[PDB]
$ cat model.cif   # mmCIF, C-alpha atoms
data_coords
#
loop_
_atom_site.label_atom_id
_atom_site.label_comp_id
_atom_site.auth_asym_id
_atom_site.auth_seq_id
_atom_site.Cartn_x
_atom_site.Cartn_y
_atom_site.Cartn_z
CA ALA A 1 4.35 -67.97 56.05
CA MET A 2 0.96 -66.46 56.82
CA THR A 3 0.72 -63.32 54.68
CA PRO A 4 1.70 -63.97 50.98
CA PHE A 5 -1.15 -66.48 50.93
CA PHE A 6 -3.52 -63.56 51.40
CA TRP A 7 -1.73 -61.20 49.01
CA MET A 8 -1.95 -63.62 46.12
CA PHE A 9 -5.47 -64.64 47.10
CA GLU A 10 -6.56 -61.02 46.72
CA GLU A 11 -5.16 -61.25 43.19
CA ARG A 12 -7.10 -64.51 42.78
CA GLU A 13 -10.23 -62.66 43.95
CA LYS A 14 -9.75 -60.42 40.93
CA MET A 15 -9.49 -63.58 38.85
CA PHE A 16 -12.75 -64.97 40.21
CA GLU A 17 -14.35 -61.63 39.38
CA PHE A 18 -13.11 -62.24 35.83
CA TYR A 19 -14.70 -65.72 35.78
CA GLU A 20 -17.93 -64.15 37.06
CA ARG A 21 -17.93 -61.56 34.28
CA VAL A 22 -17.21 -64.29 31.73
CA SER A 23 -19.87 -66.82 32.69
CA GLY A 24 -21.42 -66.07 36.07
CA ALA A 25 -20.06 -68.87 38.22
CA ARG A 26 -17.46 -68.20 40.88
CA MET A 27 -15.31 -71.31 40.39
CA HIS A 28 -16.98 -74.21 38.55
CA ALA A 29 -17.85 -72.46 35.32
CA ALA A 30 -18.48 -75.18 32.76
CA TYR A 31 -18.45 -72.77 29.81
CA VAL A 32 -16.39 -74.95 27.42
CA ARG A 33 -18.67 -77.05 25.35
CA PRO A 34 -17.25 -79.73 23.11
CA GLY A 35 -17.48 -77.84 19.85
CA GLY A 36 -15.72 -74.71 21.04
CA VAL A 37 -16.37 -72.08 23.69
CA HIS A 38 -20.03 -71.19 24.30
CA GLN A 39 -21.50 -67.72 24.99
CA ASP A 40 -18.46 -65.50 24.43
CA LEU A 41 -17.12 -62.65 26.52
CA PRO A 42 -18.98 -59.37 27.10
CA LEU A 43 -17.55 -56.20 25.63
CA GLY A 44 -15.15 -54.71 28.14
CA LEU A 45 -13.10 -57.64 29.43
CA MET A 46 -9.79 -57.67 27.54
CA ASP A 47 -8.80 -54.26 28.86
CA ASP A 48 -9.45 -55.53 32.38
CA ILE A 49 -7.20 -58.52 31.66
CA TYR A 50 -4.58 -56.06 30.38
CA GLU A 51 -4.84 -54.12 33.67
CA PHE A 52 -4.52 -57.34 35.67
CA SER A 53 -1.47 -58.33 33.61
CA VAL B 1 -22.47 -54.52 12.69
CA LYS B 2 -20.43 -56.67 15.09
CA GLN B 3 -19.66 -55.94 18.74
CA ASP B 4 -17.26 -58.63 19.97
CA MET B 5 -14.37 -57.91 22.35
CA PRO B 6 -11.07 -57.71 20.50
CA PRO B 7 -8.13 -55.74 21.88
CA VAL B 8 -8.57 -52.10 20.92
CA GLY B 9 -5.78 -51.71 18.37
CA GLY B 10 -3.61 -54.10 20.39
CA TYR B 11 -2.44 -54.08 23.99
CA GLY B 12 0.68 -52.83 25.72
CA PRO B 13 3.40 -54.96 27.27
CA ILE B 14 3.60 -56.52 30.71
CA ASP B 15 7.07 -57.21 32.10
CA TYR B 16 8.18 -60.53 33.59
CA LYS B 17 11.54 -59.63 35.15
CA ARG B 18 12.53 -60.50 38.72
CA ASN B 19 12.92 -57.13 40.48
CA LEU B 20 15.33 -57.66 43.39
CA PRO B 21 17.51 -54.62 44.19
CA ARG B 22 20.19 -56.54 46.21
CA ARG B 23 20.46 -53.58 48.60
CA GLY B 24 22.97 -53.84 49.93
CA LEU B 25 25.04 -51.20 51.79
CA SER B 26 28.41 -52.93 50.97
CA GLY B 27 28.37 -54.99 54.16
CA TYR B 28 32.01 -54.42 55.11
CA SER B 29 30.80 -50.86 55.68
CA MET B 30 28.05 -52.32 57.85
CA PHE B 31 30.73 -54.03 59.94
CA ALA B 32 32.39 -50.61 60.16
CA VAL B 33 29.10 -49.08 61.37
CA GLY B 34 28.56 -51.82 63.96
CA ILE B 35 32.10 -51.71 65.34
CA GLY B 36 31.92 -47.90 65.41
CA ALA B 37 28.71 -47.84 67.45
CA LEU B 38 30.11 -50.63 69.64
CA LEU B 39 33.28 -48.67 70.40
CA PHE B 40 31.25 -45.49 70.98
CA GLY B 41 29.24 -47.33 73.61
CA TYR B 42 32.43 -48.66 75.19
CA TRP B 43 34.04 -45.22 75.46
CA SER B 44 30.95 -43.57 76.97
CA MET B 45 30.36 -46.49 79.34
CA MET B 46 34.03 -46.33 80.38
CA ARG B 47 33.81 -42.64 81.28
CA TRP B 48 30.55 -43.04 83.20
CA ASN B 49 31.75 -46.07 85.17
CA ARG B 50 34.91 -44.29 86.29
CA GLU B 51 32.99 -41.21 87.46
CA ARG B 52 30.57 -43.42 89.37
CA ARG B 53 33.64 -45.06 90.94
CA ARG B 54 34.66 -41.57 92.11
CA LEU B 55 31.28 -40.98 93.73
CA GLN B 56 31.29 -44.46 95.29
CA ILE B 57 34.65 -43.54 96.84
CA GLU B 58 32.81 -40.56 98.32
CA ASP B 59 30.26 -42.98 99.80
CA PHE B 60 33.14 -44.99 101.28
CA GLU B 61 34.35 -41.76 102.89
CA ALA B 62 30.84 -41.26 104.26
CA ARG B 63 30.82 -44.63 106.00
CA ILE B 64 34.40 -44.12 107.24
CA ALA B 65 33.80 -40.69 108.76
CA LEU B 66 30.33 -41.38 110.14
CA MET B 67 31.19 -44.55 112.06
CA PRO B 68 32.63 -43.85 115.58
#
$ encode --input "model.cif" --output "structure tokens"
Amino acid sequence: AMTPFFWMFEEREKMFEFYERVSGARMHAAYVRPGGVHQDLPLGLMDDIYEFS
Amino acid sequence: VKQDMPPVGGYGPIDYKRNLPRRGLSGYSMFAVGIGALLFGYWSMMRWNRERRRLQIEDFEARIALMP
């Protein structure tokens, strides 16, 4: 089943772009301090998440 | 002033329904299509084989008449 792997990984490439815009890291974004989330989202992210949804 | 990122007046919906059209064609009709094309091929093949039998009879006449 070669191809749906790559379809859904293109969607996951959008999701790693979202992680990048949130923190900066591709995958291993720490970003969650004990004591709540640190350094909140830049203005212009929730509409992108709406589009992805 | 504050410049966080909330949703701008709220966000629209996103569906979660499994879109499968189950098309379809009412497969008994597809059996009708397959048997129809099958019988079409049989009728045309039947006609062409019998006319080539006619012309092969002409080739038999060629070898009969040419021989002595």
$ atom_distance --input "model.cif" --atom1 "atom CA of residue A:42" --atom2 "atom CA of residue A:19"
11.6 Å
$ interface_residues --input "model.cif" --of "chain B" --to "chain A" --cutoff "8 Å" --atoms "all atoms listed in the file" --output "PyMOL selection string"
chain B and resi 3-7+11-12+14
$ atom_distance --input "model.cif" --atom1 "atom CA of residue B:10" --atom2 "atom CA of residue A:12"
24.9 Å
$ resolve_selection --input "model.cif" --expression "the PyMOL selection byres ((chain A and resi 22-29) around 10)" --output "number ranges by chain"
A: 13, 15-21, 30-32, 38-42, 45
$ atom_distance --input "model.cif" --atom1 "atom CA of residue B:34" --atom2 "atom CA of residue B:50"
24.4 Å
$ axis_aligned_box --input "model.cif" --around "stretch 12-27 of chain B" --padding-each-side "3 Å" --output "AutoDock Vina command-line options"
--center_x 14.5 --center_y -55.9 --center_z 39.9 --size_x 33.7 --size_y 15.3 --size_z 34.4
$ build_atoms --input "model.cif" --residues "stretch 17-43 of chain B" --atoms "N, CA, C and O atoms" --output "tab-separated table (two decimals), keeping the file's coordinate frame"
chain	number	residue	atom	x	y	z
B	17	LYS	N	10.17	-59.61	34.65
B	17	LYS	CA	11.54	-59.63	35.15
B	17	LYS	C	11.53	-59.62	36.67
B	17	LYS	O	10.66	-58.98	37.29
B	18	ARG	N	12.47	-60.33	37.27
B	18	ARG	CA	12.53	-60.50	38.72
B	18	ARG	C	13.23	-59.28	39.33
B	18	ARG	O	14.45	-59.17	39.28
B	19	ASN	N	12.44	-58.39	39.91
B	19	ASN	CA	12.92	-57.13	40.48
B	19	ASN	C	13.40	-57.40	41.91
B	19	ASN	O	12.60	-57.47	42.84
B	20	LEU	N	14.71	-57.54	42.07
B	20	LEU	CA	15.33	-57.66	43.39
B	20	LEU	C	16.53	-56.72	43.43
B	20	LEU	O	17.48	-56.90	42.65
B	21	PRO	N	16.53	-55.71	44.31
B	21	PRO	CA	17.51	-54.62	44.19
B	21	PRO	C	18.88	-54.95	44.74
B	21	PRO	O	19.81	-54.15	44.53
B	22	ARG	N	19.03	-56.10	45.42
B	22	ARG	CA	20.19	-56.54	46.21
B	22	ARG	C	20.84	-55.43	47.04
B	22	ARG	O	22.06	-55.34	47.14
B	23	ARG	N	20.00	-54.60	47.67
B	23	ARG	CA	20.46	-53.58	48.60
B	23	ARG	C	20.54	-54.22	49.99
B	23	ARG	O	19.51	-54.55	50.58
B	24	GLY	N	21.75	-54.37	50.52
B	24	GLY	CA	22.97	-53.84	49.93
B	24	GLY	C	23.96	-53.32	50.97
B	24	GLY	O	24.47	-54.09	51.78
B	25	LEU	N	24.26	-52.03	50.86
B	25	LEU	CA	25.04	-51.20	51.79
B	25	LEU	C	26.52	-51.54	51.84
B	25	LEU	O	27.24	-50.90	52.62
B	26	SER	N	27.00	-52.51	51.04
B	26	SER	CA	28.41	-52.93	50.97
B	26	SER	C	28.92	-53.37	52.34
B	26	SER	O	29.76	-52.73	52.97
B	27	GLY	N	28.37	-54.51	52.79
B	27	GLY	CA	28.37	-54.99	54.16
B	27	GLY	C	29.62	-54.90	55.02
B	27	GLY	O	29.53	-54.94	56.24
B	28	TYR	N	30.80	-54.80	54.38
B	28	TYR	CA	32.01	-54.42	55.11
B	28	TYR	C	31.84	-53.06	55.76
B	28	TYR	O	32.28	-52.84	56.90
B	29	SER	N	31.16	-52.13	55.07
B	29	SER	CA	30.80	-50.86	55.68
B	29	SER	C	29.80	-51.05	56.81
B	29	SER	O	29.81	-50.27	57.77
B	30	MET	N	28.97	-52.09	56.75
B	30	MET	CA	28.05	-52.32	57.85
B	30	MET	C	28.79	-52.86	59.07
B	30	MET	O	28.42	-52.52	60.21
B	31	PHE	N	29.82	-53.67	58.85
B	31	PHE	CA	30.73	-54.03	59.94
B	31	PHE	C	31.40	-52.80	60.53
B	31	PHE	O	31.58	-52.71	61.75
B	32	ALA	N	31.79	-51.85	59.67
B	32	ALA	CA	32.39	-50.61	60.16
B	32	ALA	C	31.40	-49.81	61.01
B	32	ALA	O	31.78	-49.28	62.06
B	33	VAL	N	30.13	-49.77	60.60
B	33	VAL	CA	29.10	-49.08	61.37
B	33	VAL	C	28.88	-49.76	62.72
B	33	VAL	O	28.80	-49.10	63.77
B	34	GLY	N	28.81	-51.09	62.72
B	34	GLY	CA	28.56	-51.82	63.96
B	34	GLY	C	29.70	-51.72	64.95
B	34	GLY	O	29.47	-51.48	66.14
B	35	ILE	N	30.94	-51.87	64.47
B	35	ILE	CA	32.10	-51.71	65.34
B	35	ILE	C	32.25	-50.27	65.82
B	35	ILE	O	32.64	-50.02	66.96
B	36	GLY	N	31.86	-49.29	64.98
B	36	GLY	CA	31.92	-47.90	65.41
B	36	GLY	C	30.94	-47.58	66.52
B	36	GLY	O	31.30	-46.94	67.52
B	37	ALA	N	29.69	-48.05	66.39
B	37	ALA	CA	28.71	-47.84	67.45
B	37	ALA	C	29.07	-48.62	68.71
B	37	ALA	O	28.86	-48.13	69.83
B	38	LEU	N	29.64	-49.81	68.53
B	38	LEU	CA	30.11	-50.63	69.64
B	38	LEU	C	31.21	-49.93	70.44
B	38	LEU	O	31.14	-49.83	71.68
B	39	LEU	N	32.19	-49.36	69.74
B	39	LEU	CA	33.28	-48.67	70.40
B	39	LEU	C	32.83	-47.35	71.02
B	39	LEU	O	33.37	-46.95	72.06
B	40	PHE	N	31.86	-46.68	70.39
B	40	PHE	CA	31.25	-45.49	70.98
B	40	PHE	C	30.61	-45.81	72.32
B	40	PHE	O	30.81	-45.08	73.31
B	41	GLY	N	29.85	-46.90	72.36
B	41	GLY	CA	29.24	-47.33	73.61
B	41	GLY	C	30.26	-47.69	74.66
B	41	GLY	O	30.09	-47.38	75.84
B	42	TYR	N	31.37	-48.31	74.24
B	42	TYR	CA	32.43	-48.66	75.19
B	42	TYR	C	33.11	-47.43	75.78
B	42	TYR	O	33.36	-47.39	76.98
B	43	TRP	N	33.38	-46.42	74.95
B	43	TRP	CA	34.04	-45.22	75.46
B	43	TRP	C	33.14	-44.45	76.43
B	43	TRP	O	33.59	-44.04	77.51
